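Throughout, residue positions are numbered sequentially from 1 according to the sequence presented.
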Amino acid sequence: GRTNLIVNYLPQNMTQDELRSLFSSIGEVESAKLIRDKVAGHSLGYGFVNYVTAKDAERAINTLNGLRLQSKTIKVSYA
């Protein structure tokens, strides 16, 4: 049933389109949002990805959790 993911510990320089792309490699992404701070607009290094199907969301966690991007290991879990 769950399709909404939170993705933590993204590199500071990863763009919202790159976040979208990484997750679209697994299946159809309904939406992808990179959270930025409202004062200076810098990435806060986390985002939300919502899949069209629950099966794809589960596949995303299984595939992408723990992926090392630049200096850090990302976490992918249910929102």
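- Evaluation of the side chain to side chain donor-acceptor pair (under 3.5 Å) rule for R20 yields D17 as partners, not counting sequence neighbours.
- Every side chain to side chain contact (heavy atoms under 4.5 Å, CB included) that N62 has, sequence neighbours left out, goes to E58.
- No continuous path of ILVMFWY side-chain contacts below 4.5 Å connects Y9 to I61, so the two sit in separate hydrophobic clusters.
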Evaluate the side-chain contact (heavy atoms from CB on, under 4.5 Å) criterion for residues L22 and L69: first the C-alpha distance (whole Å), next the side-chain angles of each, then the deciding distance (0.1 Å), finally the verdict. CA-CA 11 Å; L22 177 59; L69 293 184; 4.2 Å; yes

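- Grouping the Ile, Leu, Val, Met, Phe, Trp and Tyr side chains by contacts below 4.5 angstrom, directly or via other members, places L67 with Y51.
- Note on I26: it does not cluster hydrophobically with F48, by side-chain heavy-atom contacts below 4.5 Å among ILVMFWY residues.
- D37 is linked by a salt bridge (charged side-chain N to carboxylate O under 4.0 Å, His left out) to nothing, counting only residues two or more places apart in sequence or in another chain.
- Clustering ILVMFWY residues whenever any of their side-chain heavy atoms sit less than 4.5 angstrom apart, transitively, puts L10 in a cluster other than the one holding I35.
- Residues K75 and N65 have side chains in contact (heavy-atom distance under 4.5 Å, counting atoms from C-beta outward).
- The CD atom of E18 sits 12.5 Å away from the OG atom of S24 when rounded to the nearest 0.5 Å.
- Among pairs with a residue in residues 27-36, those fulfilling side-chain hydrogen bond (donor to acceptor under 3.5 Å, both in side chains) read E30-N50, at least two apart in sequence or across chains.
- Counting only heavy atoms from C-beta outward, the side chains of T3 and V52 never approach each other to under 4.5 Å.
- Annotation for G1 and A54: closest pair N-CB, 3.6 Å, computed over non-hydrogen atoms.
- Atom CD1 in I6 sits 14.5 Å away from atom OH in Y78 (nearest 0.5 Å).
- Residues passing the side chain to side chain donor-acceptor pair (under 3.5 Å) test with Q12: none are found, sequence neighbours excluded.
- Heavy atoms only, all atoms of each residue included: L34 and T15 are closest at CD2-C, 4.0 Å.
- Here the closest non-hydrogen pair linking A57 and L5 is O-CD1, 3.8 Å.
- Under the side chain to side chain contact (heavy atoms under 4.5 Å, CB included) criterion, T73 pairs with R68, not counting sequence neighbours.
- The line from CZ of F23 to OG1 of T63 is 10.0 Å long, rounded to the nearest 0.5 Å.
- For the pair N8 (side chain) and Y46 (backbone), a donor-acceptor distance under 3.5 Å is absent.
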